[PDB]
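Next up, final-v9.txt (compact mmCIF, C-alpha atoms):
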```txt
# COMPACT_ATOMS: atom_id res chain seq x y z
CA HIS A 20 -17.48 -27.18 8.10
CA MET A 21 -14.81 -29.38 6.47
CA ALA A 22 -13.19 -27.38 3.65
CA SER A 23 -9.56 -27.94 2.60
CA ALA A 24 -6.66 -25.68 1.69
CA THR A 25 -3.04 -26.30 0.78
CA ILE A 26 -0.15 -23.88 1.47
CA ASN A 27 2.77 -24.67 -0.88
CA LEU A 28 5.93 -23.28 0.72
CA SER A 29 8.03 -24.15 -2.40
CA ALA A 30 5.91 -22.01 -4.75
CA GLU A 31 7.23 -18.55 -3.92
CA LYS A 32 5.34 -15.49 -5.18
CA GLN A 33 6.20 -11.83 -4.43
CA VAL A 34 8.58 -10.64 -1.70
CA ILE A 35 6.67 -8.46 0.80
CA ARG A 36 7.96 -4.93 1.12
CA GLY A 37 5.47 -3.84 3.77
CA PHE A 38 2.43 -1.93 4.91
CA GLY A 39 1.62 1.56 6.06
CA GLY A 40 -0.01 4.86 5.23
CA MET A 41 0.21 8.59 4.62
CA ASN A 42 1.53 11.50 6.62
CA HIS A 43 0.64 14.96 5.23
CA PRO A 44 1.66 17.67 7.76
CA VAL A 45 0.63 20.55 5.43
CA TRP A 46 -2.97 19.47 4.65
CA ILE A 47 -3.59 18.02 8.14
CA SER A 48 -1.80 17.84 11.50
CA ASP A 49 1.51 15.99 11.66
CA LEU A 50 1.65 12.71 13.56
CA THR A 51 2.62 13.37 17.20
CA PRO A 52 5.61 11.62 18.86
CA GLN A 53 3.15 9.18 20.50
CA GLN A 54 1.36 8.55 17.21
CA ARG A 55 4.64 7.89 15.33
CA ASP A 56 5.42 5.13 17.86
CA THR A 57 1.91 3.69 17.57
CA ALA A 58 2.15 3.60 13.74
CA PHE A 59 5.68 2.25 13.21
CA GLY A 60 6.38 0.41 16.45
CA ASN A 61 5.33 -3.24 16.57
CA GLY A 62 4.57 -3.64 20.28
CA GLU A 63 1.19 -4.38 21.79
CA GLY A 64 -1.36 -1.80 20.60
CA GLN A 65 0.92 -0.63 17.76
CA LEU A 66 0.28 -1.05 14.04
CA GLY A 67 3.64 -2.47 12.96
CA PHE A 68 3.68 -0.30 9.81
CA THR A 69 6.86 -0.53 7.77
CA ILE A 70 6.16 2.01 4.98
CA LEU A 71 5.53 5.75 5.38
CA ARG A 72 4.27 7.69 2.41
CA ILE A 73 4.86 11.44 2.28
CA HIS A 74 4.20 14.21 -0.23
CA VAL A 75 6.75 16.28 -2.17
CA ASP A 76 5.60 19.85 -1.66
CA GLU A 77 5.54 22.21 -4.64
CA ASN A 78 6.81 24.86 -2.21
CA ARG A 79 10.28 23.87 -1.00
CA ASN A 80 9.82 26.01 2.11
CA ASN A 81 7.39 23.32 3.37
CA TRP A 82 9.90 20.45 3.00
CA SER A 83 11.19 20.67 6.61
CA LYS A 84 7.69 19.82 7.91
CA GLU A 85 8.18 16.19 6.72
CA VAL A 86 11.44 15.55 8.51
CA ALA A 87 10.43 14.69 12.08
CA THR A 88 7.96 11.91 11.20
CA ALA A 89 10.10 10.60 8.33
CA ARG A 90 13.18 10.30 10.56
CA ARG A 91 11.21 8.55 13.29
CA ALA A 92 9.61 6.14 10.85
CA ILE A 93 13.05 5.21 9.53
CA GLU A 94 14.39 4.96 13.10
CA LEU A 95 11.63 2.44 13.89
CA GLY A 96 12.58 0.40 10.77
CA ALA A 97 10.19 1.72 8.08
CA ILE A 98 11.02 2.77 4.53
CA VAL A 99 9.79 6.05 3.02
CA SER A 100 8.36 6.87 -0.41
CA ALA A 101 7.48 10.35 -1.58
CA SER A 102 4.79 11.43 -4.09
CA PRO A 103 4.28 14.92 -5.62
CA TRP A 104 0.82 16.42 -6.36
CA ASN A 105 2.00 19.50 -8.30
CA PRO A 106 5.26 20.78 -9.74
CA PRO A 107 6.30 24.28 -8.61
CA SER A 108 3.83 26.76 -10.11
CA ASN A 109 6.52 28.28 -12.37
CA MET A 110 6.75 24.95 -14.27
CA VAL A 111 3.00 24.54 -14.66
CA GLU A 112 0.67 25.79 -17.43
CA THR A 113 -3.09 25.68 -17.78
CA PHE A 114 -5.03 23.85 -20.47
CA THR A 115 -8.56 22.71 -21.27
CA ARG A 116 -9.22 19.00 -20.68
CA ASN A 117 -12.40 17.42 -22.06
CA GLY A 118 -14.21 20.78 -22.03
CA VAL A 119 -13.04 21.73 -18.55
CA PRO A 120 -10.84 24.82 -18.61
CA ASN A 121 -8.04 25.96 -16.30
CA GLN A 122 -6.61 22.45 -15.70
CA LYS A 123 -2.93 22.05 -14.71
CA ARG A 124 -0.13 20.22 -16.47
CA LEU A 125 3.67 20.25 -16.46
CA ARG A 126 5.02 22.44 -19.26
CA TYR A 127 6.70 20.22 -21.85
CA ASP A 128 9.79 22.48 -21.74
CA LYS A 129 10.05 22.15 -17.93
CA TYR A 130 10.45 18.36 -17.64
CA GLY A 131 14.17 18.86 -16.95
CA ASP A 132 13.43 21.50 -14.37
CA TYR A 133 10.96 19.06 -12.76
CA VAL A 134 13.69 16.41 -12.55
CA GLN A 135 15.83 18.94 -10.71
CA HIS A 136 12.98 19.77 -8.30
CA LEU A 137 12.52 16.03 -7.49
CA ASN A 138 16.31 15.57 -7.01
CA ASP A 139 16.49 18.61 -4.82
CA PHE A 140 13.83 17.05 -2.57
CA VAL A 141 15.73 13.74 -2.54
CA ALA A 142 18.98 15.55 -1.64
CA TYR A 143 17.27 17.64 1.04
CA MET A 144 15.66 14.65 2.73
CA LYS A 145 18.92 12.70 2.54
CA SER A 146 20.74 15.61 4.17
CA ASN A 147 18.18 15.38 7.00
CA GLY A 148 18.64 11.61 7.57
CA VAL A 149 15.78 10.49 5.34
CA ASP A 150 17.11 8.28 2.55
CA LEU A 151 14.01 7.95 0.34
CA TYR A 152 13.28 4.45 -0.89
CA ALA A 153 11.58 5.92 -3.97
CA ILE A 154 10.06 9.05 -5.43
CA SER A 155 7.03 9.25 -7.72
CA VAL A 156 6.51 11.20 -10.93
CA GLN A 157 2.95 12.16 -9.98
CA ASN A 158 0.15 11.30 -7.58
CA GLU A 159 -2.95 10.24 -9.59
CA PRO A 160 -2.03 11.76 -12.98
CA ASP A 161 -5.38 10.46 -14.27
CA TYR A 162 -7.53 12.01 -11.50
CA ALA A 163 -6.00 15.46 -11.27
CA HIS A 164 -9.07 17.73 -11.18
CA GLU A 165 -7.47 19.43 -8.13
CA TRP A 166 -3.77 18.99 -9.05
CA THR A 167 -1.54 18.17 -12.11
CA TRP A 168 -2.73 15.97 -15.01
CA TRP A 169 -0.47 13.73 -17.07
CA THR A 170 -1.75 11.83 -20.08
CA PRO A 171 -0.32 8.35 -20.69
CA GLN A 172 1.98 9.82 -23.40
CA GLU A 173 3.17 12.69 -21.14
CA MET A 174 3.98 10.17 -18.41
CA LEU A 175 5.77 8.02 -20.99
CA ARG A 176 7.84 10.92 -22.32
CA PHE A 177 8.97 11.76 -18.79
CA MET A 178 9.77 8.12 -17.94
CA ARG A 179 11.56 7.57 -21.28
CA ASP A 180 13.46 10.88 -21.63
CA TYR A 181 13.99 12.24 -18.12
CA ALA A 182 13.40 9.70 -15.36
CA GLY A 183 16.86 8.17 -15.69
CA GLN A 184 18.28 11.36 -14.21
CA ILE A 185 16.42 10.99 -10.88
CA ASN A 186 18.83 10.06 -8.06
CA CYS A 187 16.38 7.63 -6.45
CA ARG A 188 14.13 4.74 -7.25
CA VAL A 189 11.42 6.04 -9.59
CA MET A 190 7.78 5.20 -8.92
CA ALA A 191 5.07 5.51 -11.58
CA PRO A 192 2.31 6.08 -12.56
CA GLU A 193 0.06 5.94 -9.40
CA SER A 194 -3.24 5.74 -11.32
CA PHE A 195 -6.14 6.42 -8.94
CA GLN A 196 -7.75 3.11 -9.96
CA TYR A 197 -4.80 1.04 -11.33
CA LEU A 198 -5.88 1.93 -14.86
CA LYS A 199 -3.47 0.05 -17.15
CA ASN A 200 -3.60 2.74 -19.86
CA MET A 201 -1.29 4.86 -17.61
CA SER A 202 1.37 2.15 -17.18
CA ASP A 203 1.21 0.06 -20.37
CA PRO A 204 3.25 2.59 -22.36
CA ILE A 205 6.03 2.47 -19.72
CA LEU A 206 6.09 -1.34 -19.74
CA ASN A 207 6.14 -1.50 -23.57
CA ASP A 208 9.03 0.96 -23.95
CA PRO A 209 12.42 -0.47 -22.95
CA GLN A 210 14.06 2.85 -22.01
CA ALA A 211 11.03 3.98 -19.92
CA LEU A 212 10.86 0.56 -18.29
CA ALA A 213 14.60 0.74 -17.52
CA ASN A 214 14.02 4.07 -15.75
CA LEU A 215 11.08 2.62 -13.75
CA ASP A 216 11.88 0.98 -10.41
CA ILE A 217 8.44 0.68 -8.78
CA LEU A 218 5.06 0.37 -10.48
CA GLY A 219 2.78 2.29 -8.07
CA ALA A 220 -1.01 2.10 -8.14
CA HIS A 221 -4.02 3.22 -6.14
CA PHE A 222 -7.08 1.03 -5.57
CA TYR A 223 -10.02 3.48 -5.54
CA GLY A 224 -12.90 1.50 -7.04
CA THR A 225 -10.46 -1.12 -8.40
CA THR A 226 -12.33 -4.41 -8.82
CA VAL A 227 -10.78 -7.88 -8.33
CA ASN A 228 -10.91 -8.75 -12.03
CA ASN A 229 -8.65 -5.73 -12.70
CA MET A 230 -6.06 -6.56 -10.03
CA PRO A 231 -4.05 -9.02 -12.16
CA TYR A 232 -1.73 -7.35 -14.66
CA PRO A 233 -0.44 -9.75 -17.36
CA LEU A 234 1.81 -7.13 -18.98
CA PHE A 235 3.58 -6.48 -15.67
CA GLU A 236 4.03 -10.23 -15.04
CA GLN A 237 5.50 -10.52 -18.55
CA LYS A 238 7.72 -7.40 -18.69
CA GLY A 239 8.25 -6.25 -15.10
CA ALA A 240 11.19 -8.38 -13.91
CA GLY A 241 13.21 -6.49 -11.31
CA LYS A 242 10.51 -3.86 -10.72
CA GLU A 243 8.54 -3.66 -7.50
CA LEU A 244 4.73 -3.49 -7.38
CA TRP A 245 3.19 -1.24 -4.74
CA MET A 246 -0.37 -0.20 -3.86
CA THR A 247 0.51 3.24 -2.61
CA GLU A 248 -2.86 4.74 -1.63
CA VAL A 249 -6.38 3.73 -0.74
CA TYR A 250 -9.14 3.84 1.78
CA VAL A 251 -11.93 1.24 1.69
CA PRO A 252 -14.84 0.88 1.52
CA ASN A 253 -15.41 4.63 2.09
CA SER A 254 -14.08 7.73 3.87
CA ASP A 255 -17.29 8.33 5.87
CA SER A 256 -16.77 10.55 8.94
CA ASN A 257 -16.22 8.44 12.08
CA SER A 258 -16.54 5.10 10.21
CA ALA A 259 -13.28 3.43 11.24
CA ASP A 260 -14.88 1.19 13.91
CA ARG A 261 -17.92 0.14 11.85
CA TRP A 262 -18.42 -3.62 11.94
CA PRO A 263 -18.76 -5.81 9.85
CA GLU A 264 -17.87 -2.94 7.45
CA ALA A 265 -14.23 -3.05 8.55
CA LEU A 266 -13.89 -6.56 7.12
CA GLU A 267 -13.69 -4.93 3.65
CA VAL A 268 -10.22 -3.64 4.61
CA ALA A 269 -8.85 -7.11 5.26
CA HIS A 270 -10.54 -8.40 2.11
CA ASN A 271 -9.04 -5.57 0.01
CA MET A 272 -5.60 -6.31 1.42
CA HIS A 273 -6.06 -10.01 0.77
CA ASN A 274 -7.07 -9.13 -2.77
CA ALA A 275 -4.08 -6.82 -3.29
CA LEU A 276 -1.67 -9.54 -2.11
CA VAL A 277 -3.20 -12.58 -3.73
CA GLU A 278 -5.06 -11.29 -6.82
CA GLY A 279 -2.71 -8.38 -7.58
CA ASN A 280 0.62 -9.81 -6.38
CA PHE A 281 1.25 -6.48 -4.60
CA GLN A 282 4.38 -6.19 -2.46
CA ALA A 283 3.15 -3.17 -0.57
CA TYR A 284 -0.20 -1.88 0.64
CA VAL A 285 -0.35 1.75 1.80
CA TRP A 286 -3.41 3.48 3.21
CA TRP A 287 -4.20 7.18 2.86
CA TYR A 288 -3.99 9.23 6.12
CA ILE A 289 -2.68 7.10 8.98
CA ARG A 290 -4.56 9.23 11.51
CA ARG A 291 -8.13 10.01 10.50
CA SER A 292 -11.69 9.20 11.61
CA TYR A 293 -11.99 6.64 8.74
CA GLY A 294 -8.35 5.43 9.00
CA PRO A 295 -6.31 2.76 10.80
CA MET A 296 -5.54 5.19 13.64
CA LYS A 297 -8.35 7.28 15.17
CA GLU A 298 -8.00 10.95 16.15
CA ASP A 299 -7.60 9.84 19.79
CA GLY A 300 -4.43 7.97 18.76
CA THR A 301 -5.81 4.44 19.17
CA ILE A 302 -6.26 1.70 16.61
CA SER A 303 -9.64 1.43 14.86
CA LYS A 304 -11.35 -1.75 13.62
CA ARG A 305 -9.97 -0.75 10.18
CA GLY A 306 -6.51 -0.50 11.77
CA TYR A 307 -6.79 -3.94 13.33
CA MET A 308 -7.68 -5.30 9.93
CA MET A 309 -4.45 -3.79 8.58
CA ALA A 310 -2.58 -5.05 11.67
CA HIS A 311 -3.50 -8.68 10.92
CA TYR A 312 -1.11 -8.30 7.98
CA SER A 313 1.31 -5.56 9.06
CA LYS A 314 2.22 -6.81 12.56
CA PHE A 315 2.92 -10.35 11.31
CA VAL A 316 3.83 -10.36 7.58
CA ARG A 317 7.18 -8.58 7.88
CA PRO A 318 9.33 -7.09 5.12
CA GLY A 319 11.37 -9.76 3.34
CA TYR A 320 8.80 -12.50 3.93
CA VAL A 321 7.71 -14.07 0.66
CA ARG A 322 4.11 -14.80 -0.27
CA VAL A 323 3.59 -18.43 -1.22
CA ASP A 324 0.98 -20.16 -3.34
CA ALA A 325 -1.98 -21.10 -1.10
CA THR A 326 -5.66 -21.96 -1.69
CA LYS A 327 -7.06 -18.43 -1.81
CA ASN A 328 -10.79 -19.11 -1.41
CA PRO A 329 -11.16 -22.58 0.21
CA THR A 330 -14.88 -22.15 0.80
CA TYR A 331 -17.51 -19.49 0.21
CA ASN A 332 -16.78 -16.29 2.24
CA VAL A 333 -13.36 -17.58 3.40
CA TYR A 334 -10.13 -16.00 2.13
CA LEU A 335 -6.62 -17.25 2.80
CA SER A 336 -3.12 -15.97 2.09
CA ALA A 337 0.24 -17.26 3.35
CA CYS A 338 3.75 -15.78 3.54
CA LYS A 339 7.01 -17.61 4.36
CA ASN A 340 9.81 -16.28 6.59
CA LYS A 341 12.84 -17.64 4.69
CA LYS A 342 15.13 -17.33 7.75
CA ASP A 343 13.52 -20.45 9.33
CA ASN A 344 10.77 -21.40 6.83
CA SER A 345 7.99 -20.48 9.30
CA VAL A 346 4.67 -19.40 7.80
CA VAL A 347 2.17 -16.62 8.49
CA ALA A 348 -1.39 -17.30 7.34
CA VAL A 349 -4.09 -14.63 7.37
CA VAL A 350 -7.60 -16.02 7.12
CA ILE A 351 -10.76 -13.97 6.73
CA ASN A 352 -14.20 -15.42 7.44
CA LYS A 353 -16.93 -13.11 6.17
CA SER A 354 -19.65 -15.73 6.75
CA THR A 355 -22.22 -15.38 9.54
CA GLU A 356 -21.46 -19.08 10.15
CA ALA A 357 -18.36 -20.67 11.66
CA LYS A 358 -15.96 -22.34 9.24
CA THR A 359 -13.53 -25.22 9.65
CA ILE A 360 -10.54 -25.56 7.28
CA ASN A 361 -8.05 -28.42 7.03
CA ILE A 362 -4.90 -26.55 5.96
CA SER A 363 -2.28 -28.87 4.46
CA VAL A 364 1.28 -27.53 4.63
CA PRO A 365 3.32 -30.34 3.02
CA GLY A 366 7.04 -30.50 3.89
CA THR A 367 6.92 -28.25 6.95
CA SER A 368 8.55 -29.23 10.26
CA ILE A 369 6.34 -26.71 12.08
CA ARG A 370 3.68 -28.41 14.23
CA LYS A 371 2.19 -25.51 16.21
CA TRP A 372 0.57 -22.20 15.27
CA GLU A 373 -0.41 -19.42 17.60
CA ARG A 374 -3.42 -17.36 16.56
CA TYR A 375 -4.82 -13.85 17.00
CA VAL A 376 -8.45 -13.12 16.19
CA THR A 377 -10.44 -9.97 15.58
CA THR A 378 -14.24 -9.74 15.53
CA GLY A 379 -16.82 -7.04 16.25
CA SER A 380 -16.11 -7.52 19.97
CA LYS A 381 -12.36 -8.28 20.22
CA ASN A 382 -9.12 -7.09 18.65
CA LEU A 383 -6.20 -9.44 17.94
CA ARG A 384 -7.21 -11.65 20.86
CA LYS A 385 -4.76 -14.47 21.35
CA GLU A 386 -6.80 -17.66 21.23
CA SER A 387 -5.85 -21.35 21.67
CA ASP A 388 -2.89 -22.77 19.72
CA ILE A 389 -3.36 -25.00 16.71
CA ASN A 390 -1.54 -28.30 17.03
CA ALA A 391 -0.88 -29.93 13.70
CA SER A 392 -1.72 -33.51 12.86
CA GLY A 393 1.31 -34.40 10.74
CA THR A 394 1.49 -31.56 8.19
CA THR A 395 -2.24 -30.66 8.46
CA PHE A 396 -3.45 -27.77 10.62
CA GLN A 397 -7.20 -27.92 11.30
CA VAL A 398 -8.42 -24.43 12.04
CA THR A 399 -11.81 -23.08 13.04
CA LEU A 400 -12.86 -19.55 12.14
CA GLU A 401 -15.69 -18.00 14.11
CA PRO A 402 -18.22 -15.94 12.18
CA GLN A 403 -17.19 -12.56 10.74
CA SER A 404 -13.56 -12.75 11.84
CA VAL A 405 -9.97 -12.35 10.74
CA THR A 406 -7.34 -14.71 12.11
CA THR A 407 -3.58 -14.53 11.72
CA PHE A 408 -1.74 -17.78 12.35
CA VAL A 409 1.97 -17.58 13.23
```

So, in terms of structure tokens, how does the structure I just supplied come out?
Amino acid sequence: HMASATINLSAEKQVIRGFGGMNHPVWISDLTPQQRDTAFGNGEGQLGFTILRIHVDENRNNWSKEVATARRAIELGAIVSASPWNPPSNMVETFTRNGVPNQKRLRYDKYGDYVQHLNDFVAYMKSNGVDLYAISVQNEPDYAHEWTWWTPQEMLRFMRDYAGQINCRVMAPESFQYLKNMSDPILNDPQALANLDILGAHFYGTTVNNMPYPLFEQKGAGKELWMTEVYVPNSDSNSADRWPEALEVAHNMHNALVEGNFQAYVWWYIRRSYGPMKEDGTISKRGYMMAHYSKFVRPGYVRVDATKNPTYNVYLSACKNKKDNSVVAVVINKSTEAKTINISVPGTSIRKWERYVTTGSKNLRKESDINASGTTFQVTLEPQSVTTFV
């Protein structure tokens, strides 16, 4: 019952860059033409994704496999970032890491060659109509049991001494868990920081208390902040429609936006049995959770200060469209009870919100409009639901 929240449209936070997920046409099947439209279109039954992540293959003969989905994503208005897992094998050497032998790292004398490999990929994609928004130094340098490890100091050396030569925005360090030991050295070194454009992070097991990043708030002016890979709360086979499990996706996104100030949120495989799109090409409960943000909170909108947790089990975020000062509010109710919130939006001329609601038994159902009383919007959230107000 009667909890209160305020959305302050004059307290601007981060500009939203967008939402999306991974295509990997070497490890798994490429997205089909139909599936590309479902992912990056924003019509009814489409996810409204605006970021595609792709991998930079170690074998340049595989590069052409990325082109068809990347082009289509860009055609439908998305931006594309690319992350490598391994350098070409002729730049790699083995070493023993914490007792475990035969681990991979980039040879210290091949960092320049690696720069050239990354630029070659950038040039190749650009030649094929895919102007990459950014390229990463390494996917999960700190969880590279099955790929290429970089220590914090190896990542720093590359960012400080080589990264300035990359002909693209540079993304780093993509820690599997947003471990600050991988990024702190970049932030604390002016040359490395100058060569950084996007601080990328993954959210695997990342807790809410570790989503703020004081050093980035202090030193990261002009750099973007992106959450470039996750699945939550698990990758269990055929789990994408589990309810109320799926509510963890919305909550994680809420947390990324509000607790982490993240400008982008990017899932792992777009099409997978635990992903936003099921193998049959339709949207899963997990996908609808993503859609509550991605279909409505469009690139260029700016998050604004809003009461994040107005009552127990209720989570609120708000973004402003600066073109007309309209507001999008996404409100999660994880309670088994219904909740009523008086949302104060001082200084707004808006007096009506439309609303779409997802529960265990309905997906983005358009429900009755909210008519404001002055600048206060009283909203009711049914149990175990996500609502987007627009």

I'd like the contact shell of residue 51 in chain A - 10 Å cut-off, all atoms listed in the file, skipping same-chain residues fewer than 4 positions apart - returned as a tab-separated table (two decimals) with C-alpha atoms, in the frame of the given file.
```tsv
chain	number	residue	atom	x	y	z
A	55	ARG	CA	4.64	7.89	15.33
A	56	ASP	CA	5.42	5.13	17.86
A	57	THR	CA	1.91	3.69	17.57
A	87	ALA	CA	10.43	14.69	12.08
A	88	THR	CA	7.96	11.91	11.20
A	300	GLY	CA	-4.43	7.97	18.76
```

- When distances are computed from all atoms listed in the file, which of A:362, A:175, A:217, A:185 shows the smallest separation from residue 204 in chain A? A:175

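Every residue within 9 Å of the file position (17.5, 16.7, 8.0), judged by all atoms listed in the file, is given as residues 83, 86, 87, 90, 143, 144, 145, 146, 147, 148 and 149 of chain A.
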
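Residues of protein, DNA or RNA having at least one counted atom within 9 Å of (11.9, 3.4, -7.2), given only C-alpha atoms, are residues 100, 152, 153, 154, 155, 187, 188, 189, 190, 191, 214, 215, 216, 217, 218, 242 and 243 of chain A.
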
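CA of residue 296 in chain A is found 13.8 Å from CA of residue 38 in chain A.
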
- Query: Contacts of residue 29 in chain A at 12 Å or less, counting only C-alpha atoms, minus same-chain residues fewer than 5 places along, as JSON, numbers by chain?
  - Reply: {"A": [321, 322, 323, 324, 325, 337, 338, 339, 341, 344, 346, 364, 365, 366, 367]}

- Message: Report as a ChimeraX atom specification all protein, DNA and RNA residues lying within 12 Å of residue 206 in chain A, evaluated on only C-alpha atoms, omitting residues in the same chain fewer than 2 positions from it.
- Response: /A:171,174-175,178-179,191-192,199-204,208-218,232-240,242

- Excluding range 246-262 of chain A and residues on its chain fewer than 4 positions from it, collect all residues at most 8 Å away from it, counting all atoms listed in the file, and give them as an NGL selection string. :A and (40-41 or 72 or 193 or 219-223 or 266-268 or 271 or 275 or 281-287 or 292-295 or 297 or 303-306 or 379)

- Nearby residues (only C-alpha atoms) at most 9 Å from residue 347 in chain A, same-chain spacing under 3 positions excluded, as a PyMOL selection string: chain A and resi 312+315-316+336-340+372+407-409

How about saving the chosen residues, C-alpha atoms kept, as a PDB file, in the coordinates of the input?
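Everything below was put into again-v9.pdb:
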```pdb
ATOM      1  CA  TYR A 312      -1.110  -8.300   7.980  1.00  0.00           C
ATOM      2  CA  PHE A 315       2.920 -10.350  11.310  1.00  0.00           C
ATOM      3  CA  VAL A 316       3.830 -10.360   7.580  1.00  0.00           C
ATOM      4  CA  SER A 336      -3.120 -15.970   2.090  1.00  0.00           C
ATOM      5  CA  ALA A 337       0.240 -17.260   3.350  1.00  0.00           C
ATOM      6  CA  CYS A 338       3.750 -15.780   3.540  1.00  0.00           C
ATOM      7  CA  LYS A 339       7.010 -17.610   4.360  1.00  0.00           C
ATOM      8  CA  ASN A 340       9.810 -16.280   6.590  1.00  0.00           C
ATOM      9  CA  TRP A 372       0.570 -22.200  15.270  1.00  0.00           C
ATOM     10  CA  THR A 407      -3.580 -14.530  11.720  1.00  0.00           C
ATOM     11  CA  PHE A 408      -1.740 -17.780  12.350  1.00  0.00           C
ATOM     12  CA  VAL A 409       1.970 -17.580  13.230  1.00  0.00           C
TER      13      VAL A 409
END
```

For range 380-393 of chain A, I'd like the enclosing box, axis-aligned and padded by 4 Å on every side, reported as AutoDock Vina command-line options with centre and edge lengths in Å to one decimal.
```
--center_x -7.4 --center_y -20.7 --center_z 16.2 --size_x 25.4 --size_y 35.3 --size_z 18.9
```

- Task: Quick one: pull the distance between CA of residue 391 in chain A and CA of residue 37 in chain A, Å, one decimal.
- Result: 28.6 Å

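Separating CA of residue 349 in chain A from CA of residue 380 in chain A is a distance of 18.8 Å.
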